[PDB]
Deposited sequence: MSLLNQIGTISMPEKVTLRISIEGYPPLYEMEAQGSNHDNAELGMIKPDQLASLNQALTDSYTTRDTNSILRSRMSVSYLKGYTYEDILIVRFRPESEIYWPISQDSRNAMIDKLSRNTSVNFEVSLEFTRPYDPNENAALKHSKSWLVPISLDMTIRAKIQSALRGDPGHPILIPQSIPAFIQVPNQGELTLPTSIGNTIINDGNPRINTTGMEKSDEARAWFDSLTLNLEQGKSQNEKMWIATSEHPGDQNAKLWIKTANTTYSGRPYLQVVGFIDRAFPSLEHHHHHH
């Protein structure tokens, strides 16, 4: 089984790439976690069907973008119409979501500054990654619309926040990615996410339902 996540400004080398290969234990999911999830909704899938995928939030390779391509990317924001991009791949089955970057200039200026690497400038990509995804035998991944419609790109999606590592050499550019839920981040519906042993940061998490 294999999962990759990629987060980028469309057209350009990803800010963030991560590979999952859960990780990593024999069981797909904690067996209280489906009883606490199933109860929180108040679908017929069993523990062997539910995968908890966890992405290390630091990109797995340094950002390899050329300065010129990076400059071009920033300039594109100076005028109009660009979209955030991200993709999930198992393992054959993929989905990519496009999230429009607001034409609001005070925030386009915030992205631009973040892309330049200024301290104190995250890149908010709101409602951009699903906490839950469904992977089928044929075709691209799908959303569990049932789960979505209960919660309140799509409205129930998690939001992303991306930061460039500060103080590193020009050939060592890391984006770090953080996630959070819309509304109550503490809701029981959310399978709680783990942190990493090596860095102490939260995993990027998606719960997959397998067919």
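Residues 1-13, 35-38, 60-80, 130-141, 203-219, 279-291 of the deposited sequence have no C-alpha coordinates in the model.
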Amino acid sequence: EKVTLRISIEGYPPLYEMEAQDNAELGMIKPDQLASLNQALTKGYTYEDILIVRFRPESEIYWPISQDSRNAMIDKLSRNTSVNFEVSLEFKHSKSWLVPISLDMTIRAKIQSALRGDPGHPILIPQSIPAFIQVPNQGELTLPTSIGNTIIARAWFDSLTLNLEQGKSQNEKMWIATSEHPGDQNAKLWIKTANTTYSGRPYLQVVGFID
From here on, numbers count along this sequence of modelled residues.
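Between 132-140 and 108-116, the higher mean Cα B-factor belongs to 132-140. Here the stretch with the larger average CA B-factor, out of 53-61 and 142-150, is 142-150. Residues shown: 68, 48, 165, 158. Highest C-alpha temperature factor in the entry: 48. Among the modelled residues of its chain, residue 171 has a C-alpha B-factor that falls in the middle third according to the deposited record. Per-chain ranking of the deposited C-alpha B factor places residue 195 in the middle third. Among all modelled residues in this chain, the alpha-carbon of residue 189 has a temperature factor (C-alpha) in the highest third. Per-chain ranking of the deposited C-alpha B factor places residue 96 in the lowest third. Ranked by C-alpha B-factor against the other modelled residues of its chain, residue 36 falls in the highest third.
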